[PDB]
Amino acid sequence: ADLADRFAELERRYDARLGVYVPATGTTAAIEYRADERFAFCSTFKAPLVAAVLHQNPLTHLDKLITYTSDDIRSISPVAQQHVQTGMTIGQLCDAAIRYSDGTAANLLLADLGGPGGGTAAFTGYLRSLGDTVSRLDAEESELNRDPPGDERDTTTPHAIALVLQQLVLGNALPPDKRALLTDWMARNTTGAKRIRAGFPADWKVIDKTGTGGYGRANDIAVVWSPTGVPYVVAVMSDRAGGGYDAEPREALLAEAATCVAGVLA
């Protein structure tokens, strides 16, 4: 059989474009479907963003209090908009940016990295340092990404983001103490239950970071561990460019793609 045929059937059933990459391992072949096509990051960048902040600072930095105002609340910010009067530490911002996909938290972390484009250049440079020549972040988050499909800004590929996540969570891009923080925040994400997690059996561990936007955009990037403790990186991206800027994102597409992947890996 050919797994690519089954992904193609998902595209036709959901009226969508689907991108998948699972890196090869010591025991398995790579899974790749539109893996070198660009898809919007949406909030999936927030996981490597936290890595960038961890990489460039001692862990004492997580205690630094960041203050901000109600006028700094941009895009969907479930945590930050409750803490305007207190502020939030860098560690709390990392937590919110991953686990609640918090936009303001991410924008404050980008500012913490520094420089032109409100930290977006610095973030892209971090990805370049991990061997990613493809991905780019170009703007702070002011809304969920509903920019036209033709705009390359704020895009990655399943292949590129998967290999970034591989190095961050499973490789040696971060020292163990920093790696643990990233892993735990993704492990306790609150936004991903209906995506990759929904396609893997309950005895597999799943850690993830979602993204969702206009033009039917729905993404999930994950690391999964089998019931015997073998890890795999799974990146699934999707959009519906022909359905208009307000095309509905389909979490179920990601869940079914992940089920297809689990069938290969189990």
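Start at 1 with the first residue shown and count on from there.
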{"query": "Comparing 121 to 129 with 107 to 115, the one whose average Cα B-factor in the PDB entry is higher", "finding": "107 to 115"}
{"query": "Of the residues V134, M88, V79, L182, the one carrying the largest Cα B-factor as recorded", "finding": "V134"}
{"query": "Third of the chain, ranked by Cα B-factor, where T212 sits", "finding": "middle"}
{"query": "Cα B factor band for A266 (lowest, middle or highest third within the chain)", "finding": "highest"}
{"query": "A162 CA temperature factor, ranked by third within the chain", "finding": "middle"}
{"query": "For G192, the third of its chain into which the C-alpha B factor falls", "finding": "middle"}
{"query": "Among modelled residues of the same chain, the CA temperature factor third for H83", "finding": "middle"}
